[PDB]
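Quick notes on the structure that follows.
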Amino acid sequence: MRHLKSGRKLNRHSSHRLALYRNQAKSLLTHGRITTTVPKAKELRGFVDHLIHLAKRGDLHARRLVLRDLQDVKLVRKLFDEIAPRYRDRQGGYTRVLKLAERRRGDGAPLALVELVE
Amino acid sequence: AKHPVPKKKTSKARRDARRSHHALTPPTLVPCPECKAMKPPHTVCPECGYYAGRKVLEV
Amino acid sequence: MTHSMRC
Amino acid sequence: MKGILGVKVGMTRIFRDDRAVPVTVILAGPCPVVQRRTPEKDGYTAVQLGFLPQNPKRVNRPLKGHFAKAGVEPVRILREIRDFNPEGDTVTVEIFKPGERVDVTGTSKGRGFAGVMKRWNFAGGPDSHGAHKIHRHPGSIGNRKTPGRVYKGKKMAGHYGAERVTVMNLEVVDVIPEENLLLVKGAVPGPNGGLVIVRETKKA
Amino acid sequence: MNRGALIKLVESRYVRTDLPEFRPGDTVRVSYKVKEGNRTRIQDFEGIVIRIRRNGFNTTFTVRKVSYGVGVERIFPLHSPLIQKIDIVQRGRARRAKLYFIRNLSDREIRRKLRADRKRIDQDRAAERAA
Amino acid sequence: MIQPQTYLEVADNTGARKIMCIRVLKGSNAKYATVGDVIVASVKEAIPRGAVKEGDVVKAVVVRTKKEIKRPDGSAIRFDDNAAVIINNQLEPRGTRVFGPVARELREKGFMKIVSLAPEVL
RNA sequence: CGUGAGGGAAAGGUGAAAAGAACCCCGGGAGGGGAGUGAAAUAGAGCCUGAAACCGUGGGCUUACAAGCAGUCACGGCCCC
RNA sequence: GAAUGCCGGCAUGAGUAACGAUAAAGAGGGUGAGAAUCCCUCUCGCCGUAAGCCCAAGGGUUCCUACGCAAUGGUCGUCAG
RNA sequence: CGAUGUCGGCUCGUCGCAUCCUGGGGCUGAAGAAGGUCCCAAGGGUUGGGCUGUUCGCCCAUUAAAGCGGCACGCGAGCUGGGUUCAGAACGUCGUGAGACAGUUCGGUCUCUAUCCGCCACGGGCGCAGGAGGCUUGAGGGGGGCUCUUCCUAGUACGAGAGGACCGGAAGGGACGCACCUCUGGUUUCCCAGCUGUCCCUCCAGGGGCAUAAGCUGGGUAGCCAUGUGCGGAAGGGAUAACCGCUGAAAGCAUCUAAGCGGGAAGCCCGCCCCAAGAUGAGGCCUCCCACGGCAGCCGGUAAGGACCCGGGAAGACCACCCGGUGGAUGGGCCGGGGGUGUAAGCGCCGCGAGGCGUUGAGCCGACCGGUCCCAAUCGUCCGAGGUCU
Ligand SMILES: [Mg+2]
Ligand SMILES: [Mg+2]
Ligand SMILES: [Mg+2]
Ligand SMILES: [Mg+2]
Ligand SMILES: [Mg+2]
Ligand SMILES: [Mg+2]
Ligand SMILES: [Mg+2]
Ligand SMILES: [Mg+2]
Ligand SMILES: [Mg+2]
Ligand SMILES: [Mg+2]
Ligand SMILES: [Mg+2]
Ligand SMILES: [Mg+2]
Ligand SMILES: [Mg+2]
Ligand SMILES: [Mg+2]
Ligand SMILES: [Mg+2]
Ligand SMILES: [Mg+2]
Ligand SMILES: [Mg+2]
Ligand SMILES: [Mg+2]
Ligand SMILES: [Mg+2]
Ligand SMILES: [Mg+2]
Ligand SMILES: [Mg+2]
Ligand SMILES: [Mg+2]
Ligand SMILES: [Mg+2]
Ligand SMILES: [Mg+2]
Ligand SMILES: [Mg+2]
Ligand SMILES: [Mg+2]
Ligand SMILES: [Mg+2]
Ligand SMILES: [Mg+2]
Ligand SMILES: [Mg+2]
Ligand SMILES: [Mg+2]
Ligand SMILES: [Mg+2]
Ligand SMILES: [Mg+2]
Ligand SMILES: [Mg+2]
Ligand SMILES: [Mg+2]
Ligand SMILES: [Mg+2]
Ligand SMILES: [Mg+2]
Ligand SMILES: [Mg+2]
Ligand SMILES: [Mg+2]
Ligand SMILES: [Mg+2]
Ligand SMILES: [Mg+2]
Ligand SMILES: [Mg+2]
Ligand SMILES: [Mg+2]
Ligand SMILES: [Mg+2]
Ligand SMILES: [Mg+2]
Ligand SMILES: [Mg+2]
Ligand SMILES: [Mg+2]
Ligand SMILES: [Mg+2]
Ligand SMILES: [Mg+2]
Ligand SMILES: [Mg+2]
Ligand SMILES: [Mg+2]
Ligand SMILES: [Mg+2]
Ligand SMILES: [Mg+2]
Ligand SMILES: [Mg+2]
Ligand SMILES: [Mg+2]
Ligand SMILES: [Mg+2]
Ligand SMILES: [Mg+2]
Ligand SMILES: [Mg+2]
Ligand SMILES: [Mg+2]
Ligand SMILES: [Mg+2]
Ligand SMILES: [Mg+2]
Ligand SMILES: [Mg+2]
Ligand SMILES: [Mg+2]
Ligand SMILES: [Mg+2]
Ligand SMILES: [Mg+2]
Ligand SMILES: [Mg+2]
Ligand SMILES: [Mg+2]
Ligand SMILES: [Mg+2]
Ligand SMILES: [Mg+2]
Ligand SMILES: [Mg+2]
Ligand SMILES: [Mg+2]
Ligand SMILES: [Mg+2]
Ligand SMILES: [Mg+2]
Ligand SMILES: [Mg+2]
Ligand SMILES: [Mg+2]
Ligand SMILES: [Mg+2]
Ligand SMILES: [Mg+2]
Ligand SMILES: [Mg+2]
Ligand SMILES: [Mg+2]
Ligand SMILES: [Mg+2]
Ligand SMILES: [Mg+2]
Ligand SMILES: [Mg+2]
Ligand SMILES: [Mg+2]
Ligand SMILES: [Mg+2]
Ligand SMILES: [Mg+2]
Ligand SMILES: [Mg+2]
Ligand SMILES: [Mg+2]
Ligand SMILES: [Mg+2]
Ligand SMILES: [Mg+2]
Ligand SMILES: [Mg+2]
Ligand SMILES: [Mg+2]
Ligand SMILES: [Mg+2]
Ligand SMILES: [Mg+2]
Ligand SMILES: [Mg+2]
Ligand SMILES: [Mg+2]
Ligand SMILES: [Mg+2]
Ligand SMILES: [Mg+2]
Ligand SMILES: [Mg+2]
Ligand SMILES: [Mg+2]
Ligand SMILES: [Mg+2]
Ligand SMILES: [Mg+2]
Ligand SMILES: [Mg+2]
Ligand SMILES: [Mg+2]
Ligand SMILES: [Mg+2]
Ligand SMILES: [Mg+2]
Ligand SMILES: [Mg+2]
Ligand SMILES: [Mg+2]
Ligand SMILES: [Mg+2]
Ligand SMILES: [Mg+2]
Ligand SMILES: [Mg+2]
Ligand SMILES: [Mg+2]
Ligand SMILES: [Mg+2]
Ligand SMILES: [Mg+2]
Ligand SMILES: [Mg+2]
Ligand SMILES: [Mg+2]
Ligand SMILES: [Mg+2]
Ligand SMILES: [Mg+2]
Ligand SMILES: [Mg+2]
Ligand SMILES: [Mg+2]
Ligand SMILES: [Mg+2]
Ligand SMILES: [Mg+2]
Ligand SMILES: [Mg+2]
Ligand SMILES: [Mg+2]
Ligand SMILES: [Mg+2]
Ligand SMILES: [Mg+2]
Ligand SMILES: [Mg+2]
Ligand SMILES: [Mg+2]
Ligand SMILES: [Mg+2]
Ligand SMILES: [Mg+2]
Ligand SMILES: [Mg+2]
Ligand SMILES: [Mg+2]
Ligand SMILES: [Mg+2]
Ligand SMILES: [Mg+2]
Ligand SMILES: [Mg+2]
Ligand SMILES: [Mg+2]
Ligand SMILES: [Mg+2]
Ligand SMILES: [Mg+2]
Ligand SMILES: [Mg+2]
Ligand SMILES: [Mg+2]
Ligand SMILES: [Mg+2]
Ligand SMILES: [Mg+2]
Ligand SMILES: [Mg+2]
Ligand SMILES: [Mg+2]
Ligand SMILES: [Mg+2]
Ligand SMILES: [Mg+2]
Ligand SMILES: [Mg+2]
Ligand SMILES: [Mg+2]
Ligand SMILES: [Mg+2]
Ligand SMILES: [Mg+2]
Ligand SMILES: [Mg+2]
Ligand SMILES: [Mg+2]
Ligand SMILES: [Mg+2]
Ligand SMILES: [Mg+2]
Ligand SMILES: [Mg+2]
Ligand SMILES: [Mg+2]
Ligand SMILES: [Mg+2]
Ligand SMILES: [Mg+2]
Ligand SMILES: [Mg+2]
Ligand SMILES: [Mg+2]
Ligand SMILES: [Mg+2]
Ligand SMILES: [Mg+2]
Ligand SMILES: [Mg+2]
Ligand SMILES: [Mg+2]
Ligand SMILES: [Mg+2]
Ligand SMILES: [Mg+2]
Ligand SMILES: [Mg+2]
Ligand SMILES: [Mg+2]
Ligand SMILES: [Mg+2]
Ligand SMILES: [Mg+2]
Ligand SMILES: [Mg+2]
Ligand SMILES: [Mg+2]
Ligand SMILES: [Mg+2]
Ligand SMILES: [Mg+2]
Ligand SMILES: [Mg+2]
Ligand SMILES: [Mg+2]
Ligand SMILES: [Mg+2]
Ligand SMILES: [Mg+2]
Ligand SMILES: [Mg+2]
Ligand SMILES: [Mg+2]
Ligand SMILES: [Mg+2]
Ligand SMILES: [Mg+2]
Ligand SMILES: [Mg+2]
Ligand SMILES: [Mg+2]
Ligand SMILES: [Mg+2]
Ligand SMILES: [Mg+2]
Ligand SMILES: [Mg+2]
Ligand SMILES: [Mg+2]
Ligand SMILES: [Mg+2]
Ligand SMILES: [Mg+2]
Ligand SMILES: [Mg+2]
Ligand SMILES: [Mg+2]
Ligand SMILES: [Mg+2]
Ligand SMILES: [Mg+2]
Ligand SMILES: [Mg+2]
Ligand SMILES: [Mg+2]
Ligand SMILES: [Mg+2]
Ligand SMILES: [Mg+2]
Ligand SMILES: [Mg+2]
Ligand SMILES: [Mg+2]
Ligand SMILES: [Mg+2]
Ligand SMILES: [Mg+2]
Ligand SMILES: [Mg+2]
Ligand SMILES: [Mg+2]
Ligand SMILES: [Mg+2]
Ligand SMILES: [Mg+2]
Ligand SMILES: [Mg+2]
Ligand SMILES: [Mg+2]
Ligand SMILES: [Mg+2]
Ligand SMILES: [Mg+2]
Ligand SMILES: [Mg+2]
Ligand SMILES: [Mg+2]
Ligand SMILES: [Mg+2]
Ligand SMILES: [Mg+2]
Ligand SMILES: [Mg+2]
Ligand SMILES: [Mg+2]
Ligand SMILES: [Mg+2]
Ligand SMILES: [Mg+2]
Ligand SMILES: [Mg+2]
Ligand SMILES: [Mg+2]
Ligand SMILES: [Mg+2]
Ligand SMILES: [Mg+2]
Ligand SMILES: [Mg+2]
Ligand SMILES: [Mg+2]
Ligand SMILES: [Mg+2]
Ligand SMILES: [Mg+2]
Ligand SMILES: [Mg+2]
Ligand SMILES: [Mg+2]
Ligand SMILES: [Mg+2]
Ligand SMILES: [Mg+2]
Ligand SMILES: [Mg+2]
Ligand SMILES: [Mg+2]
Ligand SMILES: [Mg+2]
Ligand SMILES: [Mg+2]
Ligand SMILES: [Mg+2]
Ligand SMILES: [Mg+2]
Ligand SMILES: [Mg+2]
Ligand SMILES: [Mg+2]
Ligand SMILES: [Mg+2]
Ligand SMILES: [Mg+2]
Ligand SMILES: [Mg+2]
Ligand SMILES: [Mg+2]
Ligand SMILES: [Mg+2]
Ligand SMILES: [Mg+2]
Ligand SMILES: [Mg+2]
Ligand SMILES: [Mg+2]
Ligand SMILES: [Mg+2]
Ligand SMILES: [Mg+2]
Ligand SMILES: [Mg+2]
Ligand SMILES: [Mg+2]
Ligand SMILES: [Mg+2]
Ligand SMILES: [Mg+2]
Ligand SMILES: [Mg+2]
Ligand SMILES: [Mg+2]
Ligand SMILES: [Mg+2]
Ligand SMILES: [Mg+2]
Ligand SMILES: [Mg+2]
Ligand SMILES: [Mg+2]
Ligand SMILES: [Mg+2]
Ligand SMILES: [Mg+2]
Ligand SMILES: [Mg+2]
Ligand SMILES: [Mg+2]
Ligand SMILES: [Mg+2]
Ligand SMILES: [Mg+2]
Ligand SMILES: [Mg+2]
Ligand SMILES: [Mg+2]
Ligand SMILES: [Mg+2]
Ligand SMILES: [Mg+2]
Ligand SMILES: [Mg+2]
Ligand SMILES: [Mg+2]
Ligand SMILES: [Mg+2]
Ligand SMILES: [Mg+2]
Ligand SMILES: [Mg+2]
Ligand SMILES: [Mg+2]
Ligand SMILES: [Mg+2]
Ligand SMILES: [Mg+2]
Ligand SMILES: [Mg+2]
Ligand SMILES: [Zn+2]
């Protein structure tokens, strides 16, 4: 049973899955848009949305909280100076997932794009 | 355990009856409103890159 | 594997 | 023989006569009478109750006609209460008085595919002393060449729950008509938000 | 509907607001109404609050005390009608929410671990100066 | 929650110090005993020259349990030991003092003399 | 295959003649479709003949209340000559 | 027509078990008819009295480079002993 | 004998009744209470331990009782392997010996993949003369079915006394069953905190990895849960068993019977709970659609409707089921509440310093109860009646 349980497992143990979210978060904030599998993309939304929101708050505490996940002061600077002001008046919903039409050849996996919002 | 084993060869009739559930369903495709190419619903059009009215992707 | 012994 | 459709709200407890009383709160009323089953027409006696108003932007034409013949707004659920013939056109919580006893029918929580130990309280096997991969297994399921088969009704693993269950003879602790609320002592089948049915008890 | 509010509405007839605020590590005296044979008397129970589990109207708290050589723990519904009053006997300063570890401590180890919460003590004396 | 094999402290002056439950005298097959229940016990440790000695098979009523017991008012109580008082076949204590608190449940179960002898009743 | 003494296989056939298919077409290739050769190409090299098990496509009759060593006897229905 | 016969072919089990250490992956860029699987870059994880380095046996071109992908590689393959 | 695994145990049942208990009875050398004996009765129940491989049995402590048998001495493609039942070794014994012993002693490989029937669950198909969306009847099944203690009646009837009822009423238990998470008590793989060693970011400060597939430790929401909570066994109606009668001949009397009529069990039927019209005997009611175009058929286009796809769900292996799809709160974000942790960072002050204090119940914060269109359920596609015959 899984009754009212939140959060995918993605066939990874607890530290692999966490490192998976951090590395996707680093990649999406680096490039603005990435392709993954649909289930990975859907989980990345909330993980990134929380980090963008903290950058919107912009204080030193919020920068240190984000650096636990993102580690790269350069990237965090970009998130605070360039990315976060884009969303000052947007209350959540900083990311979007759109499904792609063609599966990956080698395992048939449904793919999706994840991107930051305008 | 003690290694269970087919007692009889399955007949052609019985083999094929088991496969009565094996036909594929053809893919569900809708026409893309922009370029009219057929594509899976709820996916970014792979032919012109449009979805929800706007360009999204480079093809 | 030791055979079963019906002895 | 009165009854009413309801929703399981959730459990809490209250204090009555220096005693803690566990209760399940049920939002029951109100239930428009939509159809009456008559011995002349239907062969038996019952009321078709409605419950929860529905967006007409979701009620097809076969259903809209049915509601229309009764002059009722469209409701989300239609359920019959057998051998209930209320005088009015609407059933509310006020048909129950604190102190009466009720039976409550709900859809139990679904365990999906359940093992023999959870489904049937089987004992399993030993967890050591040489037990070989059978710690949760049922053991023997029969005899030998006579009868050479397994009884119908044999308890085995399989789906468990999400089935109709009636818990019988619960006390009505309070009726809060302003809020269409029913307080019932004890536990009631199903999840919060699930549909239940509250009937006057059959125990004497 | 809102089921949470309906439950809170059902419970609102029994919620109390006359009791003092306290924290795990505080020393408290609970005047509790007891039924003994035929009569009902108020029996006090004084000890250390070692746990408060919160759930709105359903929050409860646990008080530990030594009595004639034997440790006694007593669990109280925080909104029970059988509680006459709660008297703050002392503020202690804890570092965690649950104080189960004091079951295995000596009486002087407990005193060294839960020193007086001088701040909340001064805030108590700061109030009670009403006029 | 006392069962066969459970050791219990003796909260009286009968001389016994530790008894081990061998039976829960509550029906045909009760699994557990709680405060107010009677057990049969073997005396595992005693002080010399007392009323009861090591090896005696005795009856005792349970007066304290580490498993907390619940009460209709929604409260519960819990002691640090499991304790019993040795009794005779009329439920009367075979000692003359009871040491430590006892549960108020003993009262309605018919153990009034033990309740009065107790220094505190909780 | 065996350290070794030693053990010890499978595997023949286009056509009279290579005339062994230039060139074009789809394809990354494989493979094919035309063109061409030949008396013949289901003789096209994975090549004489090309059985049987086995697999498949198309058609006729039949089958979802039914008890079977699967046939046999009878009668009826449908399809074919 | 039977010899648990012999040699070969082809079925059934079955789209089933399995795909060989639970050290672990993610993304961007590139190449190509084709890329989860090749190359490059960043992020992550694992060994570190080794899962690193140097000899001796044994193996015998497997070394380096260009061109390849039918088969071999337990998938794929543009990569490769 | 081209193999039907062989004791005991564990697990899982099911059946017989020559009945261990509970229910109903007759006789008693039945005053009462408690027995003895036999009859009816298989609905349910029939405990935990010490010894031994043990079956059995003896013992301890209880109990209403601690029943006896069948199912390949039920059940090793379900487990065990103590015994028995190979090879080693030893003792007693026998044999000159090699060796031998239902004599003993210590040790000794128990085979991942279920084809068919059967069983537990779940889909797909077609049928149920028009086609649909709902709500239902219940043929027929299944589940369940136990019992004790105290009190009142009443210290009454009975009894010299000891003792001690029927009938009727009341309360409280044991085990078992279904459901449940308010409370109690668990778990809660990252929800919070503290801690060590090391490497790293960025030197301090603050952090991150790794030490497990949580490094360790203290806590812990929702969910899933029992040790926790509610509720169940019935009541009642009907027909009976042994047994007891009423009226009553044959047979002037007698006779429960030959005509007829009563009473009478935990058992039987119904009643309770669950499944259930593939109940092909395919049921009933309410509502909706409609006679489309072309040579009981045909083929196309539609109707009421349905499916697909997508967002999901205390529903779930998959499928099914249920909700929702911008006319929207379905998931994700965000916000408020709850809840957990237990006073963040930064700065100021005190201390040589480890630290302490204030800011501050601070900061962080899964799932719970809600709000909010900020993000995604875009756009659509495909089926789908024209109703045989007297
Ligand atoms: Mg499960
Ligand atoms: Mg489930
Ligand atoms: Mg699990
Ligand atoms: Mg959820
Ligand atoms: Mg996660
Ligand atoms: Mg999930
Ligand atoms: Mg896995
Ligand atoms: Mg894995
Ligand atoms: Mg993996
Ligand atoms: Mg996998
Ligand atoms: Mg780790
Ligand atoms: Mg880019
Ligand atoms: Mg990618
Ligand atoms: Mg991926
Ligand atoms: Mg969040
Ligand atoms: Mg700053
Ligand atoms: Mg965080
Ligand atoms: Mg999409
Ligand atoms: Mg797709
Ligand atoms: Mg590939
Ligand atoms: Mg592949
Ligand atoms: Mg086996
Ligand atoms: Mg096995
Ligand atoms: Mg095995
Ligand atoms: Mg096998
Ligand atoms: Mg065979
Ligand atoms: Mg087979
Ligand atoms: Mg065959
Ligand atoms: Mg055939
Ligand atoms: Mg075939
Ligand atoms: Mg088959
Ligand atoms: Mg199949
Ligand atoms: Mg197909
Ligand atoms: Mg809840
Ligand atoms: Mg009240
Ligand atoms: Mg329900
Ligand atoms: Mg329902
Ligand atoms: Mg359910
Ligand atoms: Mg199991
Ligand atoms: Mg169960
Ligand atoms: Mg269980
Ligand atoms: Mg067990
Ligand atoms: Mg067991
Ligand atoms: Mg177990
Ligand atoms: Mg185990
Ligand atoms: Mg096994
Ligand atoms: Mg194991
Ligand atoms: Mg088994
Ligand atoms: Mg057998
Ligand atoms: Mg057999
Ligand atoms: Mg067997
Ligand atoms: Mg048979
Ligand atoms: Mg189900
Ligand atoms: Mg049920
Ligand atoms: Mg009751
Ligand atoms: Mg309301
Ligand atoms: Mg709630
Ligand atoms: Mg103290
Ligand atoms: Mg203190
Ligand atoms: Mg300290
Ligand atoms: Mg301190
Ligand atoms: Mg302070
Ligand atoms: Mg004591
Ligand atoms: Mg003592
Ligand atoms: Mg003595
Ligand atoms: Mg001794
Ligand atoms: Mg002695
Ligand atoms: Mg005593
Ligand atoms: Mg006293
Ligand atoms: Mg060789
Ligand atoms: Mg050899
Ligand atoms: Mg060689
Ligand atoms: Mg040889
Ligand atoms: Mg030739
Ligand atoms: Mg010729
Ligand atoms: Mg060419
Ligand atoms: Mg070409
Ligand atoms: Mg080409
Ligand atoms: Mg190539
Ligand atoms: Mg070619
Ligand atoms: Mg071709
Ligand atoms: Mg060609
Ligand atoms: Mg020619
Ligand atoms: Mg040709
Ligand atoms: Mg030919
Ligand atoms: Mg030829
Ligand atoms: Mg020739
Ligand atoms: Mg040939
Ligand atoms: Mg040929
Ligand atoms: Mg051929
Ligand atoms: Mg073919
Ligand atoms: Mg054919
Ligand atoms: Mg055909
Ligand atoms: Mg039939
Ligand atoms: Mg037919
Ligand atoms: Mg047939
Ligand atoms: Mg034949
Ligand atoms: Mg025939
Ligand atoms: Mg004939
Ligand atoms: Mg022959
Ligand atoms: Mg042969
Ligand atoms: Mg053979
Ligand atoms: Mg032979
Ligand atoms: Mg051969
Ligand atoms: Mg050959
Ligand atoms: Mg062969
Ligand atoms: Mg062969
Ligand atoms: Mg072959
Ligand atoms: Mg075949
Ligand atoms: Mg094959
Ligand atoms: Mg084969
Ligand atoms: Mg196959
Ligand atoms: Mg498959
Ligand atoms: Mg199989
Ligand atoms: Mg499988
Ligand atoms: Mg295998
Ligand atoms: Mg393998
Ligand atoms: Mg597999
Ligand atoms: Mg592997
Ligand atoms: Mg390993
Ligand atoms: Mg390691
Ligand atoms: Mg990445
Ligand atoms: Mg990758
Ligand atoms: Mg990659
Ligand atoms: Mg790539
Ligand atoms: Mg690009
Ligand atoms: Mg590749
Ligand atoms: Mg490729
Ligand atoms: Mg890889
Ligand atoms: Mg590379
Ligand atoms: Mg990166
Ligand atoms: Mg080192
Ligand atoms: Mg060399
Ligand atoms: Mg070599
Ligand atoms: Mg290759
Ligand atoms: Mg290849
Ligand atoms: Mg290839
Ligand atoms: Mg080549
Ligand atoms: Mg290969
Ligand atoms: Mg390959
Ligand atoms: Mg391999
Ligand atoms: Mg290439
Ligand atoms: Mg190389
Ligand atoms: Mg034999
Ligand atoms: Mg054989
Ligand atoms: Mg044989
Ligand atoms: Mg054999
Ligand atoms: Mg055999
Ligand atoms: Mg056992
Ligand atoms: Mg009998
Ligand atoms: Mg009896
Ligand atoms: Mg009797
Ligand atoms: Mg008598
Ligand atoms: Mg007598
Ligand atoms: Mg008798
Ligand atoms: Mg019986
Ligand atoms: Mg029985
Ligand atoms: Mg022992
Ligand atoms: Mg034993
Ligand atoms: Mg024995
Ligand atoms: Mg035997
Ligand atoms: Mg014996
Ligand atoms: Mg008796
Ligand atoms: Mg007895
Ligand atoms: Mg026994
Ligand atoms: Mg037997
Ligand atoms: Mg038996
Ligand atoms: Mg027999
Ligand atoms: Mg025998
Ligand atoms: Mg025998
Ligand atoms: Mg046996
Ligand atoms: Mg057996
Ligand atoms: Mg075995
Ligand atoms: Mg056995
Ligand atoms: Mg077998
Ligand atoms: Mg078997
Ligand atoms: Mg067998
Ligand atoms: Mg053995
Ligand atoms: Mg022996
Ligand atoms: Mg041998
Ligand atoms: Mg010896
Ligand atoms: Mg000798
Ligand atoms: Mg001799
Ligand atoms: Mg001699
Ligand atoms: Mg001799
Ligand atoms: Mg021997
Ligand atoms: Mg023997
Ligand atoms: Mg022998
Ligand atoms: Mg002998
Ligand atoms: Mg002997
Ligand atoms: Mg022996
Ligand atoms: Mg010996
Ligand atoms: Mg032995
Ligand atoms: Mg050994
Ligand atoms: Mg052994
Ligand atoms: Mg084994
Ligand atoms: Mg195995
Ligand atoms: Mg099978
Ligand atoms: Mg099978
Ligand atoms: Mg089968
Ligand atoms: Mg069969
Ligand atoms: Mg079957
Ligand atoms: Mg079906
Ligand atoms: Mg319908
Ligand atoms: Mg519906
Ligand atoms: Mg009817
Ligand atoms: Mg029905
Ligand atoms: Mg029926
Ligand atoms: Mg049937
Ligand atoms: Mg029945
Ligand atoms: Mg019964
Ligand atoms: Mg009396
Ligand atoms: Mg008397
Ligand atoms: Mg009575
Ligand atoms: Mg039972
Ligand atoms: Mg259950
Ligand atoms: Mg629950
Ligand atoms: Mg549950
Ligand atoms: Mg809760
Ligand atoms: Mg809880
Ligand atoms: Mg708790
Ligand atoms: Mg975290
Ligand atoms: Mg560190
Ligand atoms: Mg650096
Ligand atoms: Mg530092
Ligand atoms: Mg700090
Ligand atoms: Mg590292
Ligand atoms: Mg490492
Ligand atoms: Mg460890
Ligand atoms: Mg690791
Ligand atoms: Mg960590
Ligand atoms: Mg805990
Ligand atoms: Mg923990
Ligand atoms: Mg929790
Ligand atoms: Mg909780
Ligand atoms: Mg919970
Ligand atoms: Mg649960
Ligand atoms: Mg329980
Ligand atoms: Mg009756
Ligand atoms: Mg007469
Ligand atoms: Mg008479
Ligand atoms: Mg008669
Ligand atoms: Mg009668
Ligand atoms: Mg009478
Ligand atoms: Mg009667
Ligand atoms: Mg009864
Ligand atoms: Mg039903
Ligand atoms: Mg039907
Ligand atoms: Mg039905
Ligand atoms: Mg009909
Ligand atoms: Mg029908
Ligand atoms: Mg799902
Ligand atoms: Mg699914
Ligand atoms: Mg599914
Ligand atoms: Mg449906
Ligand atoms: Mg519903
Ligand atoms: Mg829908
Ligand atoms: Mg909709
Ligand atoms: Mg739509
Ligand atoms: Mg929403
Ligand atoms: Mg809604
Ligand atoms: Mg929301
Ligand atoms: Mg979700
Ligand atoms: Mg809060
Ligand atoms: Mg709080
Ligand atoms: Mg502070
Ligand atoms: Mg601070
Ligand atoms: Mg600081
Ligand atoms: Mg300073
Ligand atoms: Mg401090
Ligand atoms: Mg937050
Ligand atoms: Mg919050
Ligand atoms: Mg929140
Ligand atoms: Mg709105
Ligand atoms: Mg479209
Ligand atoms: Zn397009």
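Below, each value reflects all heavy atoms present in this structure, side chains not excepted, and no hydrogens, waters or symmetry copies. Labels below follow one simple rule: chain letters A, B, ... track the order of the sequence lines, proteins then strands, and each chain is numbered from 1.
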So, with the rule that both contacts fall under 3.5 Å, do I:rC288 and I:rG131 count as a Watson-Crick or wobble pair?
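Yes, I:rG131 pairs with I:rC288.
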Gap in Å between the two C1' atoms, one belonging to G:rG58 and one to G:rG34, rounded:
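It comes out at 27 Å once rounded to the nearest Å.
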Any donor-acceptor pair, under 3.5 Å, between the side chain of D:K202 and the base of I:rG236, if you only look at N and O atoms?
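Looking at the base of I:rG236, it does not pair with any donor or acceptor on the side chain of D:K202 (distance under 3.5 Å).
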Should the side chain of A:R90 and the base of I:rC334 be counted as holding a donor-acceptor pair, with the cut-off at 3.5 Å?
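Under the 3.5 Å cut-off, the side chain and the base do not form any donor-acceptor pair.
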Between protein and nucleic acid, restricted to nucleotides 41-45 of chain H and to nitrogen or oxygen atoms under 3.5 Å apart, what atom pairs and distances do you find?
unit_1: H:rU43; atom_1: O3'; unit_2: A:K26; atom_2: NZ; d: 3.2
unit_1: H:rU43; atom_1: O2'; unit_2: A:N23; atom_2: OD1; d: 2.8
unit_1: H:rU43; atom_1: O2'; unit_2: A:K26; atom_2: NZ; d: 2.9
unit_1: H:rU43; atom_1: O2; unit_2: A:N23; atom_2: ND2; d: 3.1
unit_1: H:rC44; atom_1: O4'; unit_2: A:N23; atom_2: ND2; d: 3.0

Is_stacked (B:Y51, I:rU378) at 5.5 Å, 30 deg
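By the stated criterion, B:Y51 and I:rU378 stack.
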Centroid under 5.5 Å and tilt under 30°, A:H16 to H:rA24:
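Per 5.5 Å and 30° rule: yes, stacked.
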Return the nearest nucleotide to the side chain of D:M11; candidates are I:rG13, I:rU182, I:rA314.
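Of the candidates, I:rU182 comes closest.
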Of the listed I:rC183, H:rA14, H:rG77, the closest approach to the A:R105 side chain comes from H:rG77
With a 4.0 Å cut-off on heavy atoms, is [X] in touch with a base, just the backbone sugar-phosphate, or nothing at all?
{"X": "E:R23", "result": "base"}
{"X": "A:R2", "result": "base"}
{"X": "A:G106", "result": "base"}
{"X": "A:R63", "result": "nothing"}

Distances for protein N or O near nucleotides 64-67 of chain I N or O, under 3.5 Å:
unit_1: I:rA65; atom_1: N6; unit_2: F:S28; atom_2: OG; d: 3.3
unit_1: I:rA66; atom_1: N6; unit_2: F:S28; atom_2: O; d: 3.1
unit_1: I:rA66; atom_1: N1; unit_2: F:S28; atom_2: OG; d: 3.4

Using a strict 4.0 Å threshold on nitrogen-to-oxygen distance, state whether D:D42 and D:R37 make a salt bridge.
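D:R37 and D:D42: salt-bridged.
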May I ask you to decide whether D:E80 forms a salt bridge with D:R36, counting only side-chain N to carboxylate O separations under 4.0 Å?
no
Geometric stacking, I:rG159 and I:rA160, six-membered rings, under 5.5 angstrom and under 30 degrees:
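I:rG159/I:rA160: stacking flag false.
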Are A:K42 and I:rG312 close enough that a side-chain N or O sits under 4.0 Å from OP1 or OP2?
yes
Between A:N11 and H:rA24, is there a side-chain N or O to OP1/OP2 distance below 4.0 Å?
no
